[PDB]
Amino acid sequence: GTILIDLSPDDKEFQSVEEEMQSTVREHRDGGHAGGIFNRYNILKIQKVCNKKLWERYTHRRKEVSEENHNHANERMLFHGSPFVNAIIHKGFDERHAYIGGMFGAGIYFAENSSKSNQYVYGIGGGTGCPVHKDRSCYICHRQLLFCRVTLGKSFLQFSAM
């Protein structure tokens, strides 16, 4: 079902997505414990994820949400990091597998800071780090993030103590 289309680094779409990655790196209060110590990424590949059935499922729900929120889908582009990114691109997001230990309830979590989602690519809190070197701050091993279209609709604003 899912096809992955490589974007050329000379394409403005590639550069636009890299810019969103790079410009939303921040310092984390764990000093880099979970996601590693870095100020920027080396982007190796950016692929467009194409799946007609999953896109139709998404836009069908987006229309429902829009009609329930004064005609405003409140659609954002947000990052998602997960050890199971390969399952996600083939099967879609699945609320049956929500993050149970999230601060804002058992749901599917996304971040404006790319570096926040980077804390989850190797597991919760970075897991034990990269599979090859067991290094949460590995500079050698490849990581993967998703940059996702997310329909927020009417969003409940919860201030956090973070």
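All residue numbers are counted from 1 along the displayed sequence. For the two forms, the rigid core is made up of the largest set of C-alpha atoms that agree within 1.5 Å on superposition.
Visitor: Please work out whether 49-57 or 91-99 has the higher root mean square C-alpha deviation in 9 other deposited structures of this protein relative to the shown form, with the rigid core as fitting region?
Guide: More C-alpha displacement in 9 other deposited structures of this protein shows up in 91-99.
Visitor: Could you tell me which of the two stretches, 102-110 or 32-40, has its Cα atoms lying farther from the shown structure in 9 other deposited structures of this protein after fitting on the rigid core?
Guide: This comes out as 102-110, the stretch further from the shown form in 9 other deposited structures of this protein.
Visitor: Would you determine, from the values in the PDB entry, which of 22-30 and 63-71 has the greater average C-alpha temperature factor?
Guide: That would be 63-71.
Visitor: Looking at the entry, does 109-117 or 33-41 show the higher mean C-alpha B-factor?
Guide: Going by the record's values, the stretch with the higher mean is 33-41.
Visitor: Mind checking which third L78 falls in for C-alpha B-factor across the chain?
Guide: For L78, the deposited C-alpha B-factor lands in the lowest third.
Visitor: Among all modelled residues of this chain, ranked by Cα B factor, put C50 in the bottom, middle or top third, i.e. lowest, middle or highest.
Guide: Middle third, going by the recorded CA B-factors of the chain.
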